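S.K.: Please read through the structure below; I'll follow up with questions.
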Amino acid sequence: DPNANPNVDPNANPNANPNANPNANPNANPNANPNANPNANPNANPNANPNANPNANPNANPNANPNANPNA
Amino acid sequence: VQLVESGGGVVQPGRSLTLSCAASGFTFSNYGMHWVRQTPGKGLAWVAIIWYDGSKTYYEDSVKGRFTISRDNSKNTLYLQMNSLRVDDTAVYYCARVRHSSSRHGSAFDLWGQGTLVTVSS
Amino acid sequence: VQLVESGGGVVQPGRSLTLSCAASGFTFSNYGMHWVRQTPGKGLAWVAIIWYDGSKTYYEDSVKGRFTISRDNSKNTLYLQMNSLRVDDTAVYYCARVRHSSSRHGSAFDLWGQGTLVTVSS
Amino acid sequence: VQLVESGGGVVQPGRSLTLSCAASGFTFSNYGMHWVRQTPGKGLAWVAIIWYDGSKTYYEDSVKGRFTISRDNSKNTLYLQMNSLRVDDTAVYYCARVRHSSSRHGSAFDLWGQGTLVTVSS
Amino acid sequence: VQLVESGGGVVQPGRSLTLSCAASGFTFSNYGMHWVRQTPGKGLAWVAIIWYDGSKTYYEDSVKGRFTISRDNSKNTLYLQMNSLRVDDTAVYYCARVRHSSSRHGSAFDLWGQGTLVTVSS
Amino acid sequence: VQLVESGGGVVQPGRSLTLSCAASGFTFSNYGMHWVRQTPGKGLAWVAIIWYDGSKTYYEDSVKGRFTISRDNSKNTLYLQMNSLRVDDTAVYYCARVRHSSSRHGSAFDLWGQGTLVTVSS
Amino acid sequence: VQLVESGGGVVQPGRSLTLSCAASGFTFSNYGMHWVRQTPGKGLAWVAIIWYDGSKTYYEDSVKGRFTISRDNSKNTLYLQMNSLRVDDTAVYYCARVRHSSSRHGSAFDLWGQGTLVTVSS
Amino acid sequence: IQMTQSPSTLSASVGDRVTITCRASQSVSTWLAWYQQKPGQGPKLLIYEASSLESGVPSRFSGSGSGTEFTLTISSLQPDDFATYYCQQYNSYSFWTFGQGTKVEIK
Amino acid sequence: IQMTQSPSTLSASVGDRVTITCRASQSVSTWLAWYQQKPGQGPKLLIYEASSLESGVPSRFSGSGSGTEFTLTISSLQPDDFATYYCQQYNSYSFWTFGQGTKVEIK
Amino acid sequence: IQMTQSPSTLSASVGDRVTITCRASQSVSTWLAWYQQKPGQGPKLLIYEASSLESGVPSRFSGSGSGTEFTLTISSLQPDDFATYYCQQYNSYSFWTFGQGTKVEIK
Amino acid sequence: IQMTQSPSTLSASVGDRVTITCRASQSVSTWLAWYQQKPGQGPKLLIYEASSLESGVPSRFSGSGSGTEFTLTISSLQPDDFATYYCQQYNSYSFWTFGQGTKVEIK
Amino acid sequence: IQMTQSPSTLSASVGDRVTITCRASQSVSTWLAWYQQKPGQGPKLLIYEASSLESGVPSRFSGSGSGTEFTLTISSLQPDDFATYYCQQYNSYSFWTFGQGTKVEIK
Amino acid sequence: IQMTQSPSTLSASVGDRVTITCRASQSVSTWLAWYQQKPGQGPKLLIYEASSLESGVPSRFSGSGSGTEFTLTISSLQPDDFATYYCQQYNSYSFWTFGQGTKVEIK
Amino acid sequence: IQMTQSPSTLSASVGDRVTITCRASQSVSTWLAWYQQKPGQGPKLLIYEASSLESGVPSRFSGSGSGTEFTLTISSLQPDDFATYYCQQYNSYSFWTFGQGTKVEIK
């Protein structure tokens, strides 16, 4: 039937269509998403981070520390 | 499952007025909705339809290019932004929810709102 | 409401030429389209029809197997690619839009483009 | 790969029971999963669905509002909180995984769990 | 491990009151701490946070600019100093220790003090 | 809570000019800030973004490789080092602060500076 | 911008080989990268993808469980650790950078390396 | 697709039998709906597809028909059935239209 | 859709040809799947889309049909093929529903 | 994403009603913000996410819309509110872009 | 993010089964914790990440759920489990908020 | 999705017009890319989304088509444009597959 | 983080190529180190940060990986390199945990 | 931490504007310094902490930057400012390193 209304059938089902592919969509956008929240993340780990550099900090203030114990 | 609208009032002809529709009690982001008038002295009349995503919209032949319909799925709202009103738009605007149907043809309007009166006069 | 064709020119017989057709001023994703040729000395002649999605296509018996019609709803364009052009295909190609009809039988062609001249000669 | 449930037992009518479903051997955060009942004397019956993210759920018409399906991608588990249990709900519950499909239409349930028995009686 | 508060009492509105929170039995200089209110007739409410060093600090939006939280890692002690106390701010104040989490996203409040009562009245 | 820039002036094309932006009244190290132009005869145009740490920077496609935005949380100061200036870049440059959002999708620019005028001419 | 691999050579069947892919001239931690073979006498074939974090990964159906791809954003490298090589795996392996797209459907591979020849024979 | 509902006014007593006729200018197959709108409120669905009933409505309401002739039957009129009833069609390629509506009045 | 499978129970021997017929009350296109459930276990997918074979299934199992008539054919019955077979559908706008299930027993 | 606003210049009087239309060349979902830049000053945020009001903004301002059509409505124009209004979009994977700006002038 | 718990009061006897449900107005993923505040004392953590058990808490307590629906289940109520149970959420960019809490009383 | 290109090898002279046809087994919408691999080098993007040009590519190259028919047209073949062109598809739920590729040889 | 290695025992001869696989129960980014403990002595660092080489270690040893999959590859096994190799992780907020050790044996 | 300075030689005249760029192979936060060594003398500090000015230096010298990109800006070149400028970094756990040094000559 070449002659059949090729328009959209406006009276269609506009609902949610429960049978849609619920999988992961492996072809997506794997990039940086530049419009992402550029803020401080208040819920970050406020603890001590035990696995931190326990070394000597070779670049530290080698000066005289003028505010030191001036007593015996 | 409650549907309430807002944004009514009385405005002079030629002005722009925006209606709203609040949805609660059901997953609003799963249903395509309608806007329907009820002009006293006449029956109901369809106005616009939104296709569950904002992808497709359709309007009555007498409001094309003046009435725009859009929905916010995050806030569970509908908006029928009306531009360049006439006296013929004096009516009560309802929201309508299209019932779930196991076909490709849609269903009747199952849940109706209460309606906001929009009057255009000089 | 504007529908513009492009991509015309002059090619040798046996070559391949593709055409373009841009739609503007109306939602292109909601209309099926036709391509109609105009050979000087003859009347309008149908070529191909696209079913609003690319899902269904139909061709004239004279160009079956050599003509491809396809649409890109994201850019509001039509593509009629001509392969193995012959001298008899020298005509002006128009885009036609099927008007909305409240039935299942379709309707006439509402909007026509200005057309582009495609000639084949040695 | 494997898919094993737990949390079954016998509870009195009206009590609340939580089921679990641990998935191993595959990337669990990639598949939308289902819960399926098996009442003896009747074929399998579908119960709920989880949309690979927890964003979308759809329930059987007889368990809407009494069953809550939710998933945790970090610990590779599923949960189906069952509230207001009745004597009818005595059936074996299965987990199902939706097969990868190269379309927009989903696929069948390929990987099924061994099932847990839930009994409601007085 | 023991965590006890102190410094509460009764003050007139508009005055300033300071609370102290002595931590004992654990390495205090390793934990980020909080302050939590418990108004009778309401649930627990979060007030402030201190980031294990004094480096970072966040407050509830209703106490910004009136409450100051600071810690003294050498004495194992917290301090929430109240300025311009109002009638609203009458509640019981608890210190909360953030649980160790093997990730970057913090954890819940495990070790809670016995709390102190702060009364603002005329 | 104020945000003021400096460093503007008149420089010849090809010369390098550096801008600064001092933030006061709020914790500057918690916010990712933007630089925005306002060319007379045009609307506002985005320039660069700094990601609250200096870890990530994105630029408008017309300034890549000539503009370097860097921040200093210790002194509460932004920098936009502009290299190889051309006559196009004559515009007023604004600082912008990104609003806190309870999500991962960012937010609009609430705090805007007063603008420093940069003129590039011979 | 530049994208150069290494780690090629000749190994016997059953042995393991690890390839590397150093990225220079662009920010590597923002792009999801691919690995593509090219067997002589056949066309290109996709192998694996890495999701800009290492969080998500996908492989060709014939290399699942034998090829493991992982990236090191701190040094701008890729690593396709090939285990249990076969005579089939004789090919040239390219890196690919996924072009930025203002959508959620990804884009094509815009930056390709020069490839390393991997030969498996005895 | 223009719809007409007859009779415009149907006066009946409690416990009587109510029949409402809806006619279409063009065939609407079995796609049709019946509504009820009490004054000052919003209409409520009663019948969809011209034969099936909405969940939650009493089994008192009934209707059937196909093509261009439709009927809505109330077995026994109840004190809360006095309202205006509207006829709606949604054909395949046709838009949604409503009739003028008939009102039920106490006899 | 209501899926009814016939015959309810069919007897067969080793190497005999077995055909199971599944019918749907509404058209389901080619969206249909078959399952095998040995007693005391969880059912295993055999055929998806009513024609394709799931990876790992033996070539004995086959299926064909479209619309409302579907069949499963086992060319040569085996001692491990004696189990209950189910017919599932997943239409475009309809939820998943399962059939009654036919049991293949030893003659 | 090309962003345009209409009308470019909107004459209005004190106490009148004002609506400004912002159109996006692509779908920006609900990510859109409205600004206000009096001459010689820096723009001040008024509406974020196309509906919510920034703290300190008077209740007169309101906005609505989604997809590609957004409007900003001033219920009662004050002598304060005569300034240039800008429309910004920040989509998911798109960068920040601004409209041309409509100028509200005294009538 | 507003967290509400139902039921607010839950009568139960010794050896019974108790479920307390916490609902979040916005998705809080798996970030949720349950507390127990006997009167006159300070609340003690019971469950973190909505599933795990804090060290020293008896195995009776358990929790499940994700997204916006959560549930704390006690397999066997003990004489010293009669106290107010609270709900907390600590999302990515959301601050810490507590529910109103439910009180368990003797029956 | 299996992608095939025709003709496998075509000879063209300098300044001639060249068309290469890529055919998809199933509809790939408009997601498609054309590459170019000179011998011994790495393939370079030419056209993405089946119509748009990659930045830096001369306006000489052009591509058109949607559904299952795609073509790449070189308006005026240059001495530099003699290489093998590959066709790639990346549908939404499909993986990336490349055509065999056509070699453009000097006449 | 529970750290596992594979294979538990590896037989190889002089001049062969040896790969030892270390797999993490949780993501450890690139923080990982490989040791070598000859019997009766103390383990010696070979690779730190899972890719770099400790000073003085012969260039034979190399490693790669990130996340949860790590490998140690020896291009030429010498008579020196017959000893047990351990995998250590030191994540950001995690403590130090070691693998069970794979012993390279003469063949 | 490899430090590089560009451009190596910068010809300029009296009263011109000179900018010297210093780039660090890794992030050195704001710890950076600039020196000036006239031929035959010992270098003297100009800028410390990458922004501050040493006591007694003319106000012409200025610098800015943080992370990996640092620049030194001379507002008005003077006849005693033609000397070699060096870039030094002293990060937290990194040692002191110097750049190659740029020489500003007379145009």
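Chain labels A, B, ... are given in the sequence in which chains occur in the structure tokens; within each chain residues are numbered consecutively from 1, and ligands are likewise numbered from 1 in the order shown.
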For chain B, work out the contacting residues on chain J at 10 Å, counting only C-alpha atoms, and write them as a VMD selection string.
M.R.: chain J and resid 17 to 20 27 29 to 30 50 to 51 63 to 73 75
S.K.: Write out as a list in words the residues lying within 9 Å of residue 28 in chain K, counting only C-alpha atoms and excluding same-chain residues fewer than 3 positions away.
M.R.: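 Counting only the stated atoms, we get residues 1, 24, 25, 31, 32, 66, 67, 68, 89, 90, 91, 92 and 94 of chain K.
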S.K.: For chain A, which residues have at least one atom within 12 Å of chain G, if we go by only C-alpha atoms? Write them as a list in words, please.
M.R.: residues 24, 25, 26, 27, 28, 29, 30, 31, 32, 33, 34 and 35 of chain A
S.K.: How would the residues just chosen look if you wrote them out with C-alpha atoms as a CSV table (one decimal), in the first residue's frame?
M.R.:
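What follows is the written file part31.csv:
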chain,number,residue,atom,x,y,z
A,24,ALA,CA,24.1,-0.5,30.3
A,25,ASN,CA,24.2,1.1,26.8
A,26,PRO,CA,27.8,0.3,26.1
A,27,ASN,CA,28.0,3.0,23.5
A,28,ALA,CA,27.8,6.2,25.5
A,29,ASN,CA,29.9,9.3,26.0
A,30,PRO,CA,33.1,8.3,27.9
A,31,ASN,CA,34.6,11.8,28.4
A,32,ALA,CA,35.1,14.4,31.0
A,33,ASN,CA,31.6,15.9,31.3
A,34,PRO,CA,33.0,19.5,31.6
A,35,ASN,CA,29.8,20.8,33.2
S.K.: Residues at most 7 Å from residue 100 in chain M, counting only C-alpha atoms, excluding those fewer than 2 positions away in the same chain, as a list in words?
M.R.: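 Residues meeting the cut-off are residues 4, 5, 86, 98 and 102 of chain M.
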S.K.: For N, CA and C atoms, I'd like the residues from the last selection saved as a PDB file, in the first residue's frame.
M.R.:
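Final file, out-v6.pdb:
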ATOM      1  N   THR M   4      45.082 -10.871  46.324  1.00  0.00           N
ATOM      2  CA  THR M   4      45.276 -12.231  45.851  1.00  0.00           C
ATOM      3  C   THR M   4      46.235 -12.241  44.676  1.00  0.00           C
ATOM      4  N   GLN M   5      46.937 -13.359  44.512  1.00  0.00           N
ATOM      5  CA  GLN M   5      47.896 -13.528  43.432  1.00  0.00           C
ATOM      6  C   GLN M   5      47.605 -14.808  42.671  1.00  0.00           C
ATOM      7  N   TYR M  86      55.989 -10.922  46.207  1.00  0.00           N
ATOM      8  CA  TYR M  86      54.836 -10.477  46.976  1.00  0.00           C
ATOM      9  C   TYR M  86      54.272  -9.184  46.410  1.00  0.00           C
ATOM     10  N   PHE M  98      49.413  -7.412  52.053  1.00  0.00           N
ATOM     11  CA  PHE M  98      50.280  -8.129  51.134  1.00  0.00           C
ATOM     12  C   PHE M  98      49.572  -9.349  50.567  1.00  0.00           C
ATOM     13  N   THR M 102      53.781 -15.874  45.148  1.00  0.00           N
ATOM     14  CA  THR M 102      53.961 -16.894  44.125  1.00  0.00           C
ATOM     15  C   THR M 102      55.433 -17.260  44.053  1.00  0.00           C
TER      16      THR M 102
END
S.K.: Identify, with DSSP run on backbone atoms, the residues in chain C assigned to strand (DSSP E or B), and express the list as a ChimeraX atom specification.
M.R.: /C:2-6,9-11,16-24,33-38,44-50,57-59,67-72,77-83,91-98,109-112,116-120
S.K.: Which neighbours of residue 53 in chain I fall inside 12 Å, counting only C-alpha atoms, when residues of the same chain fewer than 4 positions from it are skipped, and could you give them as a count of residues only?
M.R.: 19
S.K.: Give me the residues within 10 Å of residue 9 in chain N as number ranges by chain, counting only C-alpha atoms and dropping any in the same chain fewer than 5 places off.
M.R.: N: 20, 84, 101-105
S.K.: Restricting the output to N, CA and C atoms, write the selected residues as a short mmCIF file (atom, residue, chain, number, x, y, z; two decimals), in the first residue's frame.
M.R.:
data_model
loop_
_atom_site.label_atom_id
_atom_site.label_comp_id
_atom_site.auth_asym_id
_atom_site.auth_seq_id
_atom_site.Cartn_x
_atom_site.Cartn_y
_atom_site.Cartn_z
N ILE N 20 58.48 36.77 30.80
CA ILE N 20 59.24 35.53 30.75
C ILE N 20 58.40 34.44 31.38
N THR N 84 70.30 37.91 33.09
CA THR N 84 69.75 36.57 33.00
C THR N 84 68.83 36.30 34.18
N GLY N 101 67.39 29.48 32.36
CA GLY N 101 67.64 30.91 32.42
C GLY N 101 67.54 31.60 31.08
N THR N 102 66.75 32.67 31.01
CA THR N 102 66.61 33.46 29.80
C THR N 102 67.41 34.75 29.93
N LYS N 103 68.00 35.18 28.82
CA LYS N 103 68.82 36.38 28.78
C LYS N 103 68.07 37.46 28.02
N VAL N 104 67.83 38.58 28.68
CA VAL N 104 67.14 39.71 28.06
C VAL N 104 68.19 40.66 27.51
N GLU N 105 68.23 40.81 26.19
CA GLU N 105 69.26 41.59 25.52
C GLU N 105 68.69 42.90 24.99
#
S.K.: Tell me which protein, DNA and RNA residues are within 7 Å of residue 14 in chain J, counting only C-alpha atoms, leaving out same-chain ones fewer than 3 positions away, and put them as a ChimeraX atom specification.
M.R.: /J:77-79
S.K.: Just to be explicit: take each residue in the selection above, keep C-alpha atoms, and write the result as a PDB file, in the first residue's frame.
M.R.:
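Listed below is the output, again-v3.pdb:
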ATOM      1  CA  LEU J  77       7.462  45.784  37.147  1.00  0.00           C
ATOM      2  CA  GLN J  78       9.121  48.108  39.646  1.00  0.00           C
ATOM      3  CA  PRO J  79      11.322  51.162  39.008  1.00  0.00           C
TER       4      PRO J  79
END
S.K.: Could you tell me which of I:37, I:74, I:93, I:83 comes closest to residue 44 in chain D if we count only C-alpha atoms?
M.R.: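 Selected residue with least distance to residue 44 in chain D: I:37.
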S.K.: What is the CA of residue 13 in chain N-CA of residue 80 in chain N distance in Å, reported with one decimal?
M.R.: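 Atom-to-atom, CA of residue 13 in chain N and CA of residue 80 in chain N are spaced 11.7 Å apart.
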